[PDB]
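Colleague: part one of the complex, left exactly where it sits:
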Amino acid sequence: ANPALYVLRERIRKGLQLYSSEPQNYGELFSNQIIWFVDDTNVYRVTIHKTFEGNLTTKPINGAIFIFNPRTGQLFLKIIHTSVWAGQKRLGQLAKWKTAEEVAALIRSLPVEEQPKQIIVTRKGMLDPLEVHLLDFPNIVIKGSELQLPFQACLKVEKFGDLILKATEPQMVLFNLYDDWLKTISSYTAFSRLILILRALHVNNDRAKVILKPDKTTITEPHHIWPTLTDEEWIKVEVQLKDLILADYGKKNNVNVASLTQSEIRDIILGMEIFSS
């Protein structure tokens, strides 16, 4: 944004007489388009702590940047250090740029086939440093579509949350967001089930835990986020999670859980529009 630079650029553009004519995602994963949902909304993650006094301090907990390949349910939680998620000036720019540089280093370490053709990014709130530092990972285009995923609840898994919490450095863990929902369903249904688990965990974590793990038989693995179940058990857990998410949405918006249709309930599941020193 230098003004004289724009004068020089516009002199170049008027000399060339060149113009600018130029001024869903949960379901496109099985439509021959790999989408790795690069979301940094959980990047500035901080825990809550209380001292012996009435004042409450801010704990610099380890942030986790979500990269959700929804075709296979692959959740790459790029972890940060405990001292790297707080302290630096311009945390909406510098820490976002450092997380984007770590994501670009991970995309360079992974193959081009391992990288996706698109990135299901969130709304543009901190996307300026991401678009600045996304020149090293241009295979996936970051944009905010109509169908997103609740990446703020992507760290709500027990094993992934423990691996994020017990990490004093950028561990950058990788797991499956839907380990059992992808072994018994399609790619779009697996992305919808993982987004349904994430949306139910964002709405009501107790109802999401009772829906996904109603007993001890749904105990997942150390690299699994969704509960480990069979085909019918995973379908029943996803149906109970969708029912709990519809009940929470109806309680939030003074509506009914059964008021949504089949495609509307599928879109609501998939995430679319229905201490100190």
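Modeller: That came in fine, so what should we check first? Residues are numbered from 1 along each chain as shown, chains lettered A, B, ... in the order given.

Colleague: from here on, contacts and neighbour counts on C-alpha atoms
Modeller: Fine.

Colleague: who touches stretch A:18-31?
Modeller: A:13, A:34-35, A:70-71, A:120, A:145-149, A:186-188, A:191-192, A:270-272 (Cα atoms under 8 Å, 6 or more residues apart in numbering).

Colleague: Stretch A:197-205 too?
Modeller: A:149-154, A:156, A:207-209, A:212, A:226, A:238, A:241-242, A:244-245, A:248-249, A:269, A:271.

Colleague: For ChimeraX, what selects the buried ones among the contacts of stretch A:18-31?
Modeller: Restricted to buried positions by 16 or more other Cα atoms under 10 Å, the ChimeraX selection for the contacts of stretch A:18-31 reads:
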select /A:34,35,70,71,120,147,148,149,187,188,191,192,270,271,272
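
Colleague: so of the contacts of stretch A:18-31, which ones are in strands?
Modeller: Using DSSP state E, the members of the contacts of stretch A:18-31 that fall in strands are residue A:120.

Colleague: Buried ones among the contacts of stretch A:197-205?
Modeller: By 16+ other Cα under 10 Å, the contacts of stretch A:197-205 give A:149-154, A:156, A:207-209, A:212, A:226, A:238, A:241-242, A:244-245, A:248-249, A:269, A:271 as buried.

Colleague: ok, now how distant is residue A:11 from residue A:76?
Modeller: 45 Å (Cα to Cα, to the nearest Å).

Colleague: Which residue, neighbours along the chain excluded, lies closest to residue A:13?
Modeller: What sits nearest to residue A:13 in space, not counting adjacent residues and going by Cα to Cα, 6 or more residues apart in numbering, is residue A:19, at 7.4 Å.

Colleague: Let's add chain B too:
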Amino acid sequence: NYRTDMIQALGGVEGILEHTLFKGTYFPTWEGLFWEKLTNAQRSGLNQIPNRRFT
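Modeller: Placing chain B onto the earlier chains gives this:
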């Protein structure tokens, strides 16, 4: 198809734009780009302007 493979034989659009003055324009992409009763003492003069902008 000859035009498409003629573009493909030139090392790519990015390789062509490396040769041209593309990065001085500071466009985000090339895809938005678009190209474009009187009396006078002489009228058959050559137009220096489009050759100048090609240069």
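
Colleague: same question on the contacts of stretch A:18-31, but with chain B included?
Modeller: By Cα atoms under 8 Å, 6 or more residues apart in numbering or on different chains, the residues outside stretch A:18-31 that reach it are A:13, A:34-35, A:70-71, A:120, A:145-149, A:186-188, A:191-192, A:270-272, B:31-35.

Colleague: let's see it at 7 Å
Modeller: Outside stretch A:18-31, the residues that touch it by Cα atoms under 7 Å, 6 or more residues apart in numbering or on different chains are A:35, A:70-71, A:120, A:145-148, A:187-188, A:191-192, A:270, B:32-35.

Colleague: Among those residues, which lie within helices?
Modeller: In helices, defined here by DSSP state H, the members of the contacts of stretch A:18-31 are A:187-188, A:191-192, A:270.

Colleague: can you list these in JSON lines and add distance to chain B?
Modeller: JSON lines is the format used below for the ones in helices among the contacts of stretch A:18-31 (distance: Cα to the nearest Cα, whole Å):
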{"residue": "A:187", "distance to chain B": "32"}
{"residue": "A:188", "distance to chain B": "31"}
{"residue": "A:191", "distance to chain B": "31"}
{"residue": "A:192", "distance to chain B": "33"}
{"residue": "A:270", "distance to chain B": "32"}
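
Colleague: Now stretch A:82-98: buried residues?
Modeller: A:82, A:84-86, A:91-93, A:95-98 (16 or more other Cα atoms under 10 Å in any protein chain shown).

Colleague: Show the contacting residues for the residue most central in space within chain A.
Modeller: For chain A, the residue nearest the mean C-alpha position is residue A:151 (2.7 Å; Cα atoms, centre = their mean). Residue A:151 makes contact with A:39, A:66 under the criterion Cα under 7 Å, 6+ apart.

Colleague: State which one residue of chain B is found closest to chain A.
Modeller: residue B:32 (4.4 Å; Cα to the nearest Cα).

Colleague: The following sequence is to be added as chain C:
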Amino acid sequence: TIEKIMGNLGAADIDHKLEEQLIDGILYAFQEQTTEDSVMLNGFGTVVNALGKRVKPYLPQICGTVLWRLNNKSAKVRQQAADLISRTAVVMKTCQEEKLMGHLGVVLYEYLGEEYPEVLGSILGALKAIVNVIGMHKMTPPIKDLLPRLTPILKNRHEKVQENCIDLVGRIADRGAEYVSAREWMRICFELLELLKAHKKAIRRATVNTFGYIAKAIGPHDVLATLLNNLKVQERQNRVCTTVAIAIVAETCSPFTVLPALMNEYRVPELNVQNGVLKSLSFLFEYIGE
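Modeller: If we add chain C to the chains shown above, we get the following:
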């Protein structure tokens, strides 16, 4: 409805975050302004003028988006952006952002080589607004750096371009006579002699006004000699406006000087110059009165 509510009540009850959200909403509306909706342009100007001095934080991202729309393939998009500049020049100069106004004047000076006439007329009206709102010794580029650029623009054949350019020359020859030589002023008069054959009577009236401004500026001798040459030479479906311009040159600049030249030009037997002398006499007597 929001524009009428802002014109009724005002922007004093609007908070800054709600004002920023409304600015983003009307900028999205100008983004998806597909039709020729000048009513939302007027509402844009109404809401920003009701904001007043509070839009000075909001200025540079709005200016950058308008300049981004000014790089469009579509002519009408850049035309509407220049119309928004013409609407917002006054509220830009309310806070007197002189560096931003001079930078936009330099960018529009680069934009002056537009090949589209509606875009050119919108740019010219924006420059009319900008020169009217900056102040005299504070625009970049200055008047002597602008009127040689403006000189071949008056040779255009399009009516809206001619009207806006003649209006801008009228404002320049009204205010800034202290930068352009009288050689270039009577060259502009030589251009306006050909430009008096335009179809619009408002264009010819503003041409008469520019002739009066130049006669007030540079002196009434050579312009009266030029018009006395032109009026006997026209002899067509024009030149009543030449008599009107001659009357304004006399009336603004003391007709006791002009009257011996017109009285000697009455002695030319060329069958239309005497009619021009008498028409200018009737118009001049009607203009001066008592």
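
Colleague: Same as before for the contacts of stretch A:197-205, with chain C this time.
Modeller: Contacts for stretch A:197-205 (Cα under 7 Å, 6+ apart): A:150, A:153-154, A:208, A:241, A:244-245, A:248, A:269.

Colleague: Tell me which stretches of the stretch 51-200 of chain C form helices.
Modeller: Using DSSP state H, counting those that start in this stretch, the helices of the stretch 51-200 of chain C run over residues C:59-69, C:75-94, C:98-111, C:117-134, C:147-150, C:159-175, C:182-195.

Colleague: Now render these as a markdown table, adding distance to residue C:52 and mean neighbour count.
Modeller: Formatted as a markdown table, these follow (distance: least, Cα to Cα, whole Å; neighbours: other Cα atoms under 10 Å in any protein chain shown):
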| stretch | distance to residue C:52 | mean neighbour count |
| --- | --- | --- |
| helix C:59-69 | 11 | 16 |
| helix C:75-94 | 6 | 22 |
| helix C:98-111 | 16 | 18 |
| helix C:117-134 | 14 | 22 |
| helix C:147-150 | 32 | 16 |
| helix C:159-175 | 25 | 21 |
| helix C:182-195 | 38 | 16 |
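
Colleague: Could you export these as a markdown table, including distance to chain A?
Modeller: Output for the helices of the stretch 51-200 of chain C, formatted as a markdown table (distance: least, Cα to the nearest Cα, whole Å):
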| stretch | distance to chain A |
| --- | --- |
| helix C:59-69 | 7 |
| helix C:75-94 | 10 |
| helix C:98-111 | 6 |
| helix C:117-134 | 14 |
| helix C:147-150 | 16 |
| helix C:159-175 | 20 |
| helix C:182-195 | 27 |
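
Colleague: so what secondary structure elements neighbour the helix ranked longest in chain A?
Modeller: Determined from DSSP H, the single longest helix within chain A is helix A:231-253. Contacts defined by 3 or more Cα pairs under 7 Å, 6 or more residues apart in numbering or on different chains; DSSP states H and E place helix A:231-253 against helix A:187-203, helix A:205-212.
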